[PDB]
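Residue numbers (the entry's author numbering), protein chains in the order written: chain F, 360 to 375; chain F', 360 to 375; chain C, 4 to 737; chain C', 154 to 737; chain C'', 154 to 305. A prime marks a further copy of an entry chain. No residue lacks a Cβ here, since even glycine has one placed at the ideal position from N, Cα and C. Below is one structure; the comments refer to it alone.
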Amino acid sequence: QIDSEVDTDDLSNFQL
Amino acid sequence: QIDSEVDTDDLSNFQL
Amino acid sequence: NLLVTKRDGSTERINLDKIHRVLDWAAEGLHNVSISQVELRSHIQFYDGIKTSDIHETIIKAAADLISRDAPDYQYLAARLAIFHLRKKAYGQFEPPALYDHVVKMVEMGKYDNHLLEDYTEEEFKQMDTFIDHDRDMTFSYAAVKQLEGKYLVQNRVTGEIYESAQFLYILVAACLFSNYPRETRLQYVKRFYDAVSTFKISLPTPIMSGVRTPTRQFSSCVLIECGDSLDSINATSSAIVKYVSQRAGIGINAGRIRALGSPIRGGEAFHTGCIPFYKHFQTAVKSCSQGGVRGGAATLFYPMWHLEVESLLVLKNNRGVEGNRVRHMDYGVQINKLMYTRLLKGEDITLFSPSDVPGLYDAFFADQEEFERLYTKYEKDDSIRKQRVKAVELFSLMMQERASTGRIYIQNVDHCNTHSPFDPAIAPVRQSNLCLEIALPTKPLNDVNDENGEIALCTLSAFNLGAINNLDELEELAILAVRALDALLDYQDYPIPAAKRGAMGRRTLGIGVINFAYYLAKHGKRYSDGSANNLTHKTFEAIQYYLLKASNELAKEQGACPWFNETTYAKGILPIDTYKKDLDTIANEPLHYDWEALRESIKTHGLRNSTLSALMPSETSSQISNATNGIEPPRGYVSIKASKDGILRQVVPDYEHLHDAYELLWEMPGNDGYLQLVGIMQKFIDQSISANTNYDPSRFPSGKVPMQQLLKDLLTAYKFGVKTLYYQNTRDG
Amino acid sequence: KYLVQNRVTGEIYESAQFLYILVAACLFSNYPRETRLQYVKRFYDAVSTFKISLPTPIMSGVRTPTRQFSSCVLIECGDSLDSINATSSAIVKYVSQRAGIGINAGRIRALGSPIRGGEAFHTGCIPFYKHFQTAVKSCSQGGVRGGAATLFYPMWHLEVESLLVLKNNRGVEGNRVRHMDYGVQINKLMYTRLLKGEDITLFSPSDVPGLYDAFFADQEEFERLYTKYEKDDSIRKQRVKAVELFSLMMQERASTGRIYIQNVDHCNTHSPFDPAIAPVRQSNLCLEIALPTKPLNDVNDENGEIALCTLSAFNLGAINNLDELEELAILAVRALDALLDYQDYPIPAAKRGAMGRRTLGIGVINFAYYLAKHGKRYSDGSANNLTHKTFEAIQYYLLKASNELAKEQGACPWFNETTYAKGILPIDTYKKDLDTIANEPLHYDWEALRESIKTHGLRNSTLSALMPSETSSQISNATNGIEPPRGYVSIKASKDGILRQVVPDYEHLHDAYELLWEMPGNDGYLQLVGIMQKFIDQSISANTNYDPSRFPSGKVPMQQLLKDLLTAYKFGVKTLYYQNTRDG
Amino acid sequence: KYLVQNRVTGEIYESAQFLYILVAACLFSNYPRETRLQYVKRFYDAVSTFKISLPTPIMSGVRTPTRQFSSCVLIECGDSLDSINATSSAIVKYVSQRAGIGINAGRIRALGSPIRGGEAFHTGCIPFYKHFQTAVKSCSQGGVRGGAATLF
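So, in structure tokens, the structure goes:
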């Protein structure tokens with residue numbers, strides 16, 4: 360199951 | 360271990 | 004010596020030579036199978052007085068027990084022995100009777116509908132019988148036959164007798180579905196369809212294959228019901244669920260409109276107490292016809308991500324809460340659009356509203372994104388409106404952690420379901436899905452079970468067997484056949500609820516998909532995980548949608564567009580090739596090979612018989628019959644296992660012998676990216692949605708724990724490639 | 154455990170060849186000087202080259218100052234406190250000499266039976282069963298470690314439902330007797346009720362005159378009395394569904410591996426004993442011994458009969474051809490017969506049984522290896538004829554040896570109680586269904602033998618019994634008794650490290666072996682057991698095996714558990730011992 | 154537990170003064186006629202006016218066809234299997250008549266004591282103590298309910 364570690368820095372680059 | 364499902368139909372054919 | 008109890012009660016000496024001859028017959032054409040090996044295993048179990056049917060089960064199981072990757076032709080040896088047995092069980096001999104004599108007998112016993120004899124003459128049955136090739140029974144695999152015997156063939160539940168064989172099933176399904184065709188074309192269509200199904204090119208759902216030809220008219224396997232924010236609609240919804248689950252249909256329930264816990268006294272109609280007590284009520288409704296109260300009856304319930312109660316809803320199937328905080332035997336679909344995702348990426352907040360406090364927000368969520376954004380930001384201002392704030396990272400994580408831990412919290416991208424859709428979102432928005440997340444169709448709430456103004460979506464399913472077709476141009480005939488067969492069934496079947504009949508007669512919606520994709524990729528030397536299949540998939544699914552649309556087009560010329568064709572984007576000359584997620588251009592460069600503009604005009608002029616045509620569903624049973632890999636899914640392994648009261652059923656993936664290396668097993672995929680791109684490429688052409696899975700092997704991740712970072716990145720990758728829905732999350736056990 | 158040594162100091166005082174020569178020397182020590190040292194040499198040769206195996210008590214003890222060599226006893230309990238006490242006392246005496254015990258306790262009247270005046274049988278079987286268990290464990294350090302017994306009762310005993318679950322894990326403590334195994338006694342009629350889906354009527358043996366006796370001795374009579382008593386409503390009775398009763402038994406058998414079965418008709422219709430004089434009404438610890446017993450009314454009651462058995466085995470792997478069995482039979486039978494006079498008897502009833510019937514139980518070891526080197530297997534029927542050939546030769550030559558010995562020294566006192574005395578042979582009385590699964594002809598002159606037995610008698614009332622072997626067969630590096638090897642290498646823990654033993658001639662036979670778990674099912678094995686039982690005087694320690702991973706959802710179906718049970722019966726299998734369920 | 158009655162049907166057949174007079178009558182029944190009925194009267198008086206009490210086995214049994222009245226026995230065990238067996242047997246016999254038992258078992262030699270040849274006293278007292286306990290409980294429904302002993 361899960362590791363609830365999340366970085367916003369990484370996500371914010373993504374183009375929807 | 361066990362599954363206690365038994366059919367008589369099948370057994371009744373057997374010759375002792 | 005050794006004696007044998009005959010079929011009657013009579014006893015005669017054993018004929019070991021007869022047994023050998025059946026086995027030799029069954030083994031003809033096969034490889035790496037030992038007849039004498041089967042004899043050794045079965046004969047040692049024989050006892051003086053053994054009845055004849057028990058000698059049969061013994062040799063069948065003996066052959067079955069040697070099914071393996073190294074000797075996969077034991078699937079066929081066992082199959083044929085089982086077939087032979089079933090002939091004897093049904094006809095008292097191996098040779099089936101003449102078709103006419105068989106149908107006459109079955110009508111007598113009340114096992115076939117008498118309209119078959121009404122609609123066709125003896126001459127015509129004689130003719131149909133010349134279409135039949137009973138040797139096609141020889142092509143089933145053992146697991147296939149066990150499914151025929153288990154759930155397709157007409158039989159007695161009580162006594163255990165089987166009354167038909169597979170080719171009668173097939174010919175008579177054709178016969179029934181095409182029974183109103185003009186005599187000029189009728190038996191042509193019957194022959195062609197019988198050929199298509201009996202040679203495994205087209206697959207049909209279990210309710211159809213078990214039921215069409217029998218006295219029933221219940222064939223509807225999944226329904227879609229939308230609940231309005233009122234006790235009357237809640238009651239209606241519940242009643243409609245009860246009616247449908249009693250016919251063993253899967254249910255998609257939209258319940259996102261039910262106002263949240265703590266909302267103003269509407270006078271009488273008590274919505275103070277919130278969603279969950281009503282959710283429990285739909286669950287008992289869904290389980291109203293299930294023995295345990297768990298075993299059978301299945302539903303997926305839908306709501307928006309921004310519902311005021313969402314934090315409570317996301318954890319409804321979590322193991323330990325108080326009993327009144329859980330509704331565990333239903334799955335959920337969380338509905339998301341672009342703005343919600345944007346909040347996540349930007350590390351911002353999501354504002355939670357009760358749908359009853361935000362005029363127009365609900366409608367906009369599905370129909371109009373700019374309008375949604377306007378109303379959403381407007382209402383986040385207004386402090387007179389009851390609201391609640393959560394961190395998007397926190398909200399998404401809660402959802403993703405519940406998804407992972409149960410595998411059964413699902414996702415619907417509601418913008419994608421309406422920006423890329425056969426429906427005008429301002430007239431007929433798609434605001435939910437079904438049990439398995441591949442059906443995308445318009446619904447309307449009921450205010451009473453019999454409310455003529457409600458709309459329930461049903462779907463009518465089939466699949467092309469991509470492994471059974473030599474080239475993509477075969478899809479033209481198969482599309483004609485599939486679309487016409489399904490369209491006839493819509494008129495043929497009954498509707499337990501006026502709202503369901505409205506949806507079906509109005510939009511005549513079909514959901515035709517595929518099986519054997521993995522095998523198809525393997526034999527073209529492609530894989531799921533590396534992008535090597537992208538172009539072939541584009542090529543394949545263009546051909547599917549083109550020909551489906553072409554078939555439905557011709558049928559509209561012949562018989563008329565569906566009543567509500569004017570509510571489709573097709574009516575306005577808009578095609579799937581016009582509205583797809585543009586990011587798809589970056590991951591495939593296959594050109595369109597068909598004349599879509601010729602088609603565009605022909606659709607604008609003549610319409611479509613069917614408002615939707617395509618939907619990629621899972622298949623378990625349909626694909627075991629064909630010995631096909633399930634839907635679009637990669638095989639978990641080379642041999643699958645099923646328990647049964649008759650022993651372990653094994654099935655080897657098709658052409659394991661020559662393709663073992665060409666296959667890419669589910670757990671061999673380094674990650675989900677390649678698969679999700681294939682799903683996206685598929686979604687370019689498909690009218691509805693796809694039962695898309697996500698998979699994670701903990702042992703590929705440091706400390707065996709799946710990172711949320713990755714769970715979210717696959718979620719976003721799905722969205723970027725315009726994936727409408729995500730179904731099961733598989734986490735490997737091991 | 155063989156070599157003479159000091160338990161305390163750890164010194165070993167002898168080596169294997171002195172052990173062997175001196176066992177021979179002791180056993181043949183009363184032979185006339187003309188033949189004595191011949192017999193000594195021949196026997197020494199047979200044992201030192203592994204052709205004949207002997208039990209641990211004999212190999213460790215014969216030549217030492219002891220006279221206790223009895224490794225298993227059979228005691229029958231009567232329905233009275235005196236016999237219960239006697240039984241208990243006899244158990245204590247025997248377990249103190251580390252003998253295994255078979256207790257027949259099926260005659261103890263059921264819970265709730267009339268006040269016999271004083272002798273309190275109101276409270277039933279279980280409190281007495283517990284008493285035999287403490288008796289059995291009376292000489293064991295933990296109260297578990299050492300001392301072993303199997304207790305027997307009929308399937309139709311009024312208390313049977315309570316008895317079947319005596320070793321089940323969680324009941325109240327007074328509802329369990331966990332450190333003894335049980336043998337459930339069944340006959341044809343009981344099975345018929347199962348097949349016909351009918352009822353079994355449960356009676357206390359004390360309420361049904363003649364029913365108990367008939368169960369073992371006379372089936373038509375049993376049926377008459379049984380159906381008669383099912384009528385009579387004056388008799389206390391209870392009804393159970395045969396499917397329910399059998400399932401309860403089979404589920405307990407499976408879950409513990411240690412609820413056993415005795416087909417009491419087979420034990421008497423196919424037997425060296427006249428069931429009207431000397432019925433076989435029980436078995437022993439390991440279910441291979443089938444011998445007459447009589448209750449005691451006191452430990453020293455001269456009129457009781459306790460059966461002991463006197464064991465050995467032929468090593469089928471050590472013999473080049475079956476005609477070697479003639480000499481080996483002479484040697485084995487004579488060695489064992491001498492020991493009967495040589496050893497002591499702690500209980501008058503045990504001495505009576507031994508001197509009266511002089512019963513021997515000679516079996517085999519290394520069967521699996523023997524099959525392997527003949528290129529046969531257990532599971533496919535490929536061994537049926539070879540087994541017929543093999544076990545004919547064993548019984549023939551054993552009978553021949555015991556015959557010669559009767560000429561030389563006299564038939565046993567109670568020979569007149571054997572079916573052999575009436576000229577009846579094992580080849581006359583076997584289960585006929587056996588004809589359908591083997592067609593090997595008899596190769597020996599059984600009619601010549603028949604006359605010679607009628608004229609001169611047998612020194613020994615029984616000769617053959619197929620026992621398990623653990624220790625005997627490790628010495629010879631032989632596969633155990635008639636059993637297929639669980640694997641190619643066996644492991645034992647010891648204070649000296651891991652002991653490994655590779656199956657004989659693994660090098661050349663690895664493929665020829667059929668390992669226990671390679672058998673698709675029990676059918677082939679059970680047919681071999683049946684073919685064996687055609688010739689064997691007593692019974693066989695027959696196992697049934699199940700690998701859960703061969704069955705859907707890893708659960709063994711009761712359907713199959715019962716079908717193997719019935720297959721056993723059809724092929725005339727007298728008893729079934731352990732049920733092995735694979736762990737994994 | 155005193156008055157003569159039917160266990161099964163539930164009927165009571167006597168009353169207390171017949172119980173009392175007949176216990177006297179039975180116990181003094183061999184007295185010379187000169188003194189007999191004097192003793193009977195005096196004893197009947199003593200028990201019926203509660204001056205003397207008698208145990209349950211006596212009061213329920215004396216006058217009935219039984220001759221079992223022994224309510225507690227004392228048995229000593231020697232250091233041998235024969236005596237252990239005898240002891241056990243005597244316990245069984247007595248607990249079947251619902252007598253309480255005092256067992257002296259202090260002579261049984263201890264765990265680890267030399268091989269006496271055959272008679273196996275290596276394993277010690279406890280396995281034998283368990284055997285006396287099953288003996289004591291040999292006539293008890295549960296295997297606990299009834300049958301009582303103190304071991305010394």
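Burial state of residue i, where buried means 16 or more other Cβ atoms lie within 10 Å
{"i": "residue 277 of chain C'", "result": "buried"}
{"i": "residue 530 of chain C'", "result": "buried"}
{"i": "residue 380 of chain C", "result": "exposed"}
{"i": "residue 699 of chain C", "result": "buried"}
{"i": "residue 253 of chain C'", "result": "buried"}
{"i": "residue 260 of chain C''", "result": "exposed"}
{"i": "residue 404 of chain C'", "result": "buried"}
Residue i and residue j closer than 8 Å at C-beta
{"i": "residue 470 of chain C", "j": "residue 549 of chain C", "result": "no"}
{"i": "residue 634 of chain C'", "j": "residue 694 of chain C'", "result": "yes"}
{"i": "residue 690 of chain C'", "j": "residue 608 of chain C'", "result": "no"}
{"i": "residue 174 of chain C", "j": "residue 131 of chain C", "result": "yes"}
{"i": "residue 297 of chain C", "j": "residue 332 of chain C", "result": "yes"}
{"i": "residue 2 of chain C", "j": "residue 41 of chain C", "result": "Chain C is shown from 4 up to 737; residue 2 of chain C falls before or after that span and cannot be answered."}
Range of the contiguous alpha helix (DSSP H) that encloses residue i
{"i": "residue 478 of chain C'", "result": "478-495"}
{"i": "residue 307 of chain C'", "result": "Premise fails: residue 307 of chain C' lies in the beta strand (DSSP E), 302-307, not in any alpha helix (DSSP H)."}
{"i": "residue 283 of chain C''", "result": "278-289"}
Where residue i falls: helix, strand or coil (DSSP)
{"i": "residue 641 of chain C'", "result": "coil"}
{"i": "residue 149 of chain C", "result": "helix"}
{"i": "residue 346 of chain C", "result": "helix"}
{"i": "residue 535 of chain C", "result": "coil"}
{"i": "residue 1 of chain C", "result": "Here chain C covers residues 4 to 737 and nothing more, so residue 1 of chain C does not appear."}
{"i": "residue 363 of chain F'", "result": "coil"}
{"i": "residue 232 of chain C", "result": "coil"}
{"i": "residue 709 of chain C'", "result": "strand"}
{"i": "residue 468 of chain C", "result": "strand"}
{"i": "residue 105 of chain C", "result": "helix"}
{"i": "residue 293 of chain C'", "result": "coil"}
DSSP beta-bridge partners of residue i
{"i": "residue 225 of chain C'", "result": "C':253"}
{"i": "residue 653 of chain C'", "result": "C':644"}
{"i": "residue 578 of chain C'", "result": "Per DSSP, none; premise fails for residue 578 of chain C'."}
{"i": "residue 733 of chain C", "result": "C:698"}
Host beta strand (DSSP E) of residue i (start-end)
{"i": "residue 264 of chain C''", "result": "Run containing residue 264 of chain C'': none; DSSP gives neither H nor E here."}
{"i": "residue 7 of chain C", "result": "6-8"}
{"i": "residue 421 of chain C", "result": "Note, residue 421 of chain C: premise wrong, no beta strand (DSSP E); alpha helix (DSSP H) at 419-422."}
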